[PDB]
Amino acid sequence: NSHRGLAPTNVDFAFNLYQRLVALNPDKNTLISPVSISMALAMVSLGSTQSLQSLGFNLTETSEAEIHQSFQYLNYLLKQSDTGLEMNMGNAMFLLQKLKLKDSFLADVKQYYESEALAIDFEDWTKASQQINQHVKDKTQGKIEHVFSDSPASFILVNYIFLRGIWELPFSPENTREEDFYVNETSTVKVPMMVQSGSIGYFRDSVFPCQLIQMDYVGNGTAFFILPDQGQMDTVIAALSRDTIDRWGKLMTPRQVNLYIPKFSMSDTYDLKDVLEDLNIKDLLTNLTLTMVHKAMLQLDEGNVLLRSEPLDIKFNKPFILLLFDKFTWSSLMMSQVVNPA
């Protein structure tokens, strides 16, 4: 069970953060990777107790070494569901001005996490931001092309994750066709809609009015597509917890379905300074300003590697919730509110 030792903490943290973010802006697409955010905060706590406490740990019960060792081990366990998941995750620190990180900190970070520190010598912010942008692109297989544009900091942390998976039940690109997606009450937009028929894990819940489709990736990855009943998005969002997802996971059963899911890439940024407030940058530097951002990017596509029951049609053609998890570590790989895939 040790491979799952951080799940309860990490996943409580993930659902609370997600709910907070959806509340702050309910009308936007939200995409984050909680496990990636947990890693980034844990990593910065190497050089800074209020960071770790904010992640959900009580340090009277778990020592510092225990946490960093658990996170190290988790990072190794995560890079293994990659049989059917392209998952470029990492942390880059960019140091502007004449600033150097402590040798102690830089070493601890390389060791327990896989982070990188780069000196940006351009005073001009346009160049600086571009170099920072070229970095993260290269590290994400050409996929995250911009992070900044935007207020220049002296010390910049980028936590990034590109994710893209191969389905156990892939869609046929031939079947993908333009359909209406209903964004809100007045506006429809056209999106490429993927379509397949088959026996697919499905649940129609009543306490929280939604329908769920569970789509497995090849490997240990899995996706919950959650379609709230009409008018019920706020309710379902409030339902989200480790308690609730445990229930759902146990009630999913194969059912013959006609399944319509949009093909899209989504990306989003999250200011880590609202979970990691009042860091002392001087604790990290050998001896001004601070930008710490998490950028997540999900490519959702057809995902291919190479009965006398009437099927039910379920279309994700209006806003929905997308939760990606690792079945092995119980990690939250991504949580999303998909409001508009066009």
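Don't overthink the numbering: it's just position in the shown sequence, from 1.
- According to the entry, the deposited sequence has 10 or more residues without coordinates between residue 306 and residue 307.
- Coordinates are absent for 10 or more residues of the deposited sequence placed between residue 287 and residue 288.
- In this crystal structure, the stretch out of 58-66 and 269-277 whose C-alpha atoms carry the higher mean B factor is 58-66.
- Relative to its counterpart among 220-228 and 181-189, 181-189 has the higher mean temperature factor, C-alpha atoms as listed in the PDB entry.
- Per the deposited coordinates, the residue with the largest Cα temperature factor out of 130, 159, 258, 172 is 130.
- By the numbers in the PDB entry, the CA B factor is greatest at 98 among 204, 98, 164, 247.
- Sorting the modelled residues of the chain by their CA temperature factor places residue 168 in the middle third.
- Compared with the other modelled residues of the chain, the Cα B-factor recorded for residue 211 ranks in the lowest third.
- In the PDB entry, residue 108 places in the highest third of its chain by CA B-factor.
- When the modelled residues of the chain are ordered by their C-alpha B factor, residue 89 lands in the middle third.
- Among all modelled residues in its chain, residue 47 ranks in the highest third by Cα B-factor.
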